[PDB]
């Protein structure tokens, strides 16, 4: 049974993290990634590795677009976030999708000030990026995966951060090759949300096998 098998995987995975040993958890799909992640966090709390209190925050996960998909209307859903790279300002301008209009193949975008504009799905090109805002729980000791540049940090997509402490007001993280812990915001809006996701389980797609597996 799955809940039984995942409980035992979590027990092995947590015991190895507690000992400071290298350990990796893989699964074959995003649903299993969420379920095994819940089982692993429960067990890391029971084994003393992750704090019991948790803080929820909005965070962003990339939705991949390329020349074949970028102009397909249903790739866009109300409440996703889009960013456009600004060549002057060297800055990503951020919006929320309020509306996707069929007939006219148009998005209505709203900015942090609450200003809107209509963009033709047509003018998008590779200067735009799409994200899903997700709410996620974070506790003291969390392992996070970086999914994009984080304001104020030198980290990149694919880096790992370890959460040293988290509260309603700030999350402090240990940054590989940075001396001091860095303080980051605890977001409750798509406009302040950081490009992070939980990092205990690997992203699926290029795994050793289809079965949920702990390498410990």
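Residue numbers count along the first chain shown, from 1.
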(message) Tell me which stretch, 96 to 104 or 129 to 137, has the higher mean Cα B-factor listed in the entry.
(response) 96 to 104
(request) Using only the Cα atoms and their B-factors as the entry lists them, report which of 193 to 201 and 18 to 26 averages higher. (result) 18 to 26
(message) Among the choices 185, 151, 148, 48, identify the one whose CA B-factor in the record is greatest.
(response) 151
(request) From the list 36, 44, 155, 164, select the residue with the highest C-alpha B factor recorded in the entry. (result) 155
(request) Would you mind checking where the Cα B-factor of residue 52 ranks among the modelled residues of its chain, as the lowest, middle or highest third? (result) lowest
(request) Pull the Cα B-factor of residue 76 out of the PDB entry and bin it into the chain's lowest, middle or highest third. (result) lowest
(message) Quick check on the deposited entry: does the C-alpha B-factor of residue 175 sit in the lowest, middle or highest third of its chain?
(response) highest
(request) Pull the Cα B-factor of residue 109 out of the PDB entry and bin it into the chain's lowest, middle or highest third. (result) middle
